[PDB]
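So for the sequence shown, the working numbering puts the first residue at 5; every next one is plus one. Reading through the structure tokens given below for one structure.
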Amino acid sequence: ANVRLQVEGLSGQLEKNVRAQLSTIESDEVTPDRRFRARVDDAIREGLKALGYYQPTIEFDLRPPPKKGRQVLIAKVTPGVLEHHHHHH
């Protein structure tokens with residue numbers, strides 16, 4: 005039940021979008037494996053792909069023993085280019 009994937013390398017509507025995906029991820033109490041990892045990347049990359057990114061390299065670091073939950077999975081993004089920055093470089 006207690007599941008909250010951590011995001012890294014986002015801001016504004018980017019970090020918010022990935023957050024939405026983070027919630028839709030299979031982390032709703034499943035078997036995290038090479039396949040789960042992909043579902044996460046696709047999720048972020050998908051939402052990230054619609055907010056200025058195309059295929060941000062997003063890695064992860066799973067930690068079965070979270071601090072305030074049941075299972076935590078870290079997610080760091082690193083694409084390169086972004087569309088419509090406006091401010092905050």
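Think of the CB as a built atom: it goes at the ideal place given N, C-alpha and C, for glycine as much as any other residue.
Under the three-state reduction of DSSP output, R8 falls in the coil class, being neither helix nor strand.
It is roughly 13 Å from the alpha-carbon of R8 to the alpha-carbon of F64.
Taking each of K71, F40, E30 and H89 in turn and checking the Cα distance to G56, the smallest one comes out for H89. Taking a contact as a CB-CB distance under 8 Å, the pair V76 and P83 does not count as one, their CB atoms being some 23 Å apart. Sequence-distant partners of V11 (beyond 5 residues in either direction) whose C-beta falls short of 7 Å from its own C-beta, in its chain, are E19, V22, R23, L26 and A79.
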